[PDB]
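See structure below.
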Amino acid sequence: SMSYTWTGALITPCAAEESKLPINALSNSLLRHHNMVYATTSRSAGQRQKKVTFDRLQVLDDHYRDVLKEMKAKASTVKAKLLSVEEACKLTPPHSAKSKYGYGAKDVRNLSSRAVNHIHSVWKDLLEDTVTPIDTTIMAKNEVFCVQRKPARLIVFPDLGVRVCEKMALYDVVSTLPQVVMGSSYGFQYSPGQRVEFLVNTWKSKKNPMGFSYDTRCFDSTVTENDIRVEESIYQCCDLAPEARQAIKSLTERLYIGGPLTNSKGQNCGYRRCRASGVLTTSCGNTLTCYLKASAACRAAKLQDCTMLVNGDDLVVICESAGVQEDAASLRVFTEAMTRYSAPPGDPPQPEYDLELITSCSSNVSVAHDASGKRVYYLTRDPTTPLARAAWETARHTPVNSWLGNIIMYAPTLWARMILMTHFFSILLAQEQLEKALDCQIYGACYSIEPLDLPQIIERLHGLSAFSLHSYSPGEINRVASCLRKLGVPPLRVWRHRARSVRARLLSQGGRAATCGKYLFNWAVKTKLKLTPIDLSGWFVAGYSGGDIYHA
Ligand SMILES: CNC(=O)c1c(-c2ccc(F)cc2)oc2cc(-n3ncnc3-c3ccc(B(O)O)c(F)c3)c(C3CC3)cc12
């Protein structure tokens, strides 16, 4: 079966698109090599269309069915509740795409009778009709990158009214079920620090550890009708209200398995027979499906004492080594199995015998030292993309503030602390916008966050050590330095000088601003201050990427 069928109608933009890096008076202070930063646009949609369009074949063996049975048995212990219209409404982001039927996100959030009425009618229709394909909009995402150009990723999503209904039927399910089914393997339950702790303990729990990342080629497109029905069969194992069961059956048949694709101008672009990137179940479904195929493939490959870590289409396995030559062979068998299950790799997996050499989600484990000189493990990543996005956000206001999310998630890193914090706090100071709440994304979910709360947020997430890490590894230092030269970003010494100023300015403001000065920029002074201790329950429960989820 073909992932997509196309009519030849173009994937069209809904507004003005910019590909070239906007430049203002601040731009040069961060980044000089402007021509290396670009944004994807609808102009490259055609290229993406070719990539995501292929035939899927699937061969399902006993290992696959064995694992599925196990997953279903765990899923049967889950009790999930229906959300009320109001509850689902409050989970809708302020700037979420408006409905075609005469109301928008703010109407939904305010429980306006027009919105509520339509939503009830969508719900009723879901309950009564289990067959009629539901319309979706196909759009080209506008995302920023550094050269070496990627074609635009595609987003497929249904009407606002349907999205509120998804929340009603499935929000509790997708929030609770994956952890129960996958246990410690479910990657969205961990903060970055907890993730590192899990990886380290896991690595040490093997006598002779080996590990690898496995990255599927165009995972969404590899998801078949079977996979999506199998996901549904798992959801349906839950203790559910009858109404919820029907809605989940309906949504699966009418939306999740496939449907017609319509562009922004209302033209039929074609038909989808794979994973929709812009539905509530996208994260949960990809994670379950990846876990299922990978667990089964582990058994086929006879890997010993396998510990898996899975989030969305991203997968890492740590296991007991059987020797270099044996391990290499086992991975080929793993890859063969995965491919038979419709999930071939983009790049072949490689066994690693050092935790820090394993790369996944563009990230790796690295080591620094705390104030006492004790070794502290932390999550870092290549800073190229974050820095390119920071440059764009320097000159343009964007819906998602990647710099803020990056500072939160990668707070312990040399690059987040020295460059991102220094730069954006300077900007915020100059505009007196420190108290202004900003939208950002945490594991696909949108939060509104005040920059002045960063120290508190960082302490809670990463610990107090995040503010005093030093003696970074030569490898990490060199990667950062190299990236800086590549992008024409000033060297770290300049940022140290700038941070001293930013710190001083912050301290002068007093209050919460002063605390930002104290904790965020303690690294910038010679004679360090004594750093002592200075809501977040929903933050690291589940993945909601593409799921249209918002929180306060
Ligand atoms: C199986 N992979 C892992 O569990 C991860 C390793 C990892 C694991 C093992 C290893 F050896 C090296 C790195 O490092 C990671 C870093 C992240 N972080 N950390 C900050 N931000 C992200 C991130 C990444 C992607 C997305 B996405 O668009 O859905 C997102 F929203 C946020 C995550 C986040 C849960 C997704 C997972 C892992």
Side-chain angles (χ1 to χ4, degrees), residues 21 23 26-38 144-148 150 192 196 213 352 354-371 373 376-395 402-427 458 462 465-492 494-495 497-503 520-525 528:
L21 180 65
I23 303 299
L26 306 167
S27 288
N28 281 353
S29 72
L30 178 62
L31 193 147
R32 287 188 301 100
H33 300 156
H34 306 144
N35 63 337
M36 295 195 76
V37 184
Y38 72 97
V144 179
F145 300 101
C146 176
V147 300
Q148 199 157 34
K150 297 159 72 84
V196 169
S213 53
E352 301 288 355
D354 174 45
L355 181 55
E356 301 173 40
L357 291 180
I358 300 178
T359 296
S360 175
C361 297
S362 310
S363 307
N364 63 277
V365 177
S366 194
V367 64
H369 301 261
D370 81 2
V376 172
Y377 292 100
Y378 71 105
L379 254 195
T380 190
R381 65 161 292 156
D382 192 288
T384 300
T385 294
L387 286 174
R389 280 166 191 190
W392 196 285
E393 288 164 4
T394 293
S402 71
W403 67 262
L404 184 49
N406 279 144
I407 283 179
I408 287 170
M409 295 309 287
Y410 295 97
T413 67
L414 86 67
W415 55 269
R417 296 169 82 203
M418 292 187 82
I419 302 171
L420 291 183
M421 281 180 194
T422 307
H423 183 67
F424 285 99
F425 270 90
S426 181
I427 287 165
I458 286 167
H462 300 276
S465 55
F467 304 128
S468 67
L469 287 190
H470 70 99
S471 280
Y472 288 87
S473 75
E476 175 68 3
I477 290 175
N478 283 330
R479 174 163 66 173
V480 170
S482 174
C483 168
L484 302 200
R485 283 187 298 269
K486 177 176 82 201
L487 288 173
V489 180
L492 289 173
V494 175
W495 289 105
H497 188 84
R498 287 180 188 174
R500 280 196 174 100
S501 165
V502 171
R503 177 176 185 281
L520 296 190
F521 296 103
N522 206 45
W523 62 266
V525 301
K528 273 86 171 176

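In this chain, residues are counted from 1 in sequence order. When reading the values below, keep in mind they use all heavy atoms of this one structure, side chains included, and skip hydrogens, waters and symmetry mates.
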Atom pair CH2 (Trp523) and CG (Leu414), whose distance is rounded to the nearest 0.5 Å: 9.5 Å
Hey, does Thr413 have a side-chain heavy atom less than 4.5 Å from the side chain of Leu420? no
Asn364 and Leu357, any side-chain heavy atoms less than 4.5 Å apart: no
Looking only at atom types and distance, does a side-chain atom of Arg381 sit under 3.5 Å from a main-chain N or O of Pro386, one as donor and one as acceptor? no
Apply side chain to side chain contact (heavy atoms under 4.5 Å, CB included) to the pair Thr385 and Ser362, showing each step before the final yes or no. CA-CA 10 Å; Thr385 294; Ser362 310; over 6 Å; no
Rounded distance [0.5 Å steps], OG in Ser471 versus CG in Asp370: 10.5 Å
Check whether any side-chain N or O of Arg500 sits under 3.5 Å from a backbone N or O of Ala524 as a donor-acceptor pair, and report yes or no. yes
Verify, without hydrogens or angle tests, whether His462 (side chain) and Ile408 (backbone) share a donor-acceptor contact under 3.5 angstrom. yes
Minimum heavy-atom separation for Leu469 and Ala368, please, with both atom names. CD1-CB, 3.9 Å
Find out whether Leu31 and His34 are in side-chain contact, i.e. whether some heavy atom of one side chain is under 4.5 Å from a heavy atom of the other. yes
Kindly say whether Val502 contributes a backbone atom to a donor-acceptor pair with the side chain of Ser426 at under 3.5 angstrom? no
I'd like to know if the side chain of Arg498 and the backbone of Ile419 have a donor-acceptor N/O pair within less than 3.5 Å. no
What are the two closest non-hydrogen atoms of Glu476 and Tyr378, and how far apart are they? CG-OH, 3.5 Å
Walk me through whether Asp382 and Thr359 qualify under side chain to side chain contact (heavy atoms under 4.5 Å, CB included). CA-CA 10 Å; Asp382 192 288; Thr359 296; over 6 Å; no
Under 4.5 Å between any side-chain heavy atoms of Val365 and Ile358, yes or no? no
Shortest non-hydrogen separation from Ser213 to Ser360 and the atoms involved: CB-CB, 4.5 Å
Angle class for the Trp415/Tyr410 ring planes (parallel below 30°, perpendicular above 60°, tilted otherwise)? tilted
Roughly how far, to the nearest 0.5 Å, is the CD1 atom of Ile458 from the CE atom of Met421? 4.0 Å
For a 4.5 angstrom cut-off between non-hydrogen side-chain atoms, does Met418 reach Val480? no
Indicate whether any N or O donor in one side chain lies under 3.5 Å from an N or O acceptor in the other, for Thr384 and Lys486. yes
Considering non-hydrogen atoms only, spot the tightest contact between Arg503 and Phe521 and give its length. CD-O, 3.6 Å
With no hydrogens and no angle check, is any side-chain donor or acceptor of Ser363 less than 3.5 Å from a backbone partner on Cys361? yes
Does the plane of the ring in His470 sit parallel, tilted or perpendicular to the ring in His369? Use 30° and 60° as the thresholds. tilted
Nearest heavy-atom approach of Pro491 to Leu484 is CA-CD1, 4.2 Å
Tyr38 (side chain) donor-acceptor with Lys150 (main chain) under 3.5 angstrom: yes
Is a side-chain N or O of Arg417 found less than 3.5 angstrom from the main chain of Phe467, in a donor-acceptor match? yes
Does the side chain of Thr394 come under 3.5 Å of the side chain of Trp403 through a donor N or O and an acceptor N or O? no
Side chains of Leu30 and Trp495, heavy atoms from C-beta outward: is any pair under 4.5 Å? yes
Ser402 side, atom OG; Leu387 side, atom CG - distance, nearest 0.5 Å: 9.5 Å
First locate atom NE2 of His423, then atom CG of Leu26, and finally report the distance between them rounded to the nearest 0.5 Å. 6.0 Å
If you look at every heavy atom in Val196 and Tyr377, which pair is closest and at what distance? CG1-CB, 3.4 Å
